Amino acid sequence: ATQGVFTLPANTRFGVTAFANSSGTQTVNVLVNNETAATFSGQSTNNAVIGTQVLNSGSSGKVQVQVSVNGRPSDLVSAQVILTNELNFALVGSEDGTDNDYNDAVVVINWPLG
């Protein structure tokens, strides 16, 4: 099934943050309405927050997270969770190898902000 794609409320600012846990250099692309809006990269086996940024969901509210290592797309897992019908978390995990820990690149999207 498709993973890493989330529908946020339109024209809403959200935070996107990436974590690295791999010996390979991670590259995270965040697309809004099918267009890259932010890219983060880094190499850490100690959960370094390789990047964070505030984006606007735009008119479509469509957000997609892509993870690649040296140009090679990683296998993704994701889900969205809503707490007290207000706080939203869109989560993504990724595997760039076969040890299957799926934390090589971890991305958390949260909203609302402010």
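Numbers for residues come from their place in the sequence shown, where the first is 1.
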Identify the stretch, either 27-35 or 84-92, whose C-alpha atoms have the larger mean B-factor according to the entry. 27-35
According to the deposited model, is the average Cα temperature factor higher in 54-62 or in 41-49? 54-62
Should residue 1 be placed in the lowest, middle or highest third of its chain by the C-alpha B factor in the entry? highest
Among the chain's modelled residues, which third holds the C-alpha B-factor of residue 69? highest
Chain thirds by Cα B factor, record data; residue 99 belongs to the highest
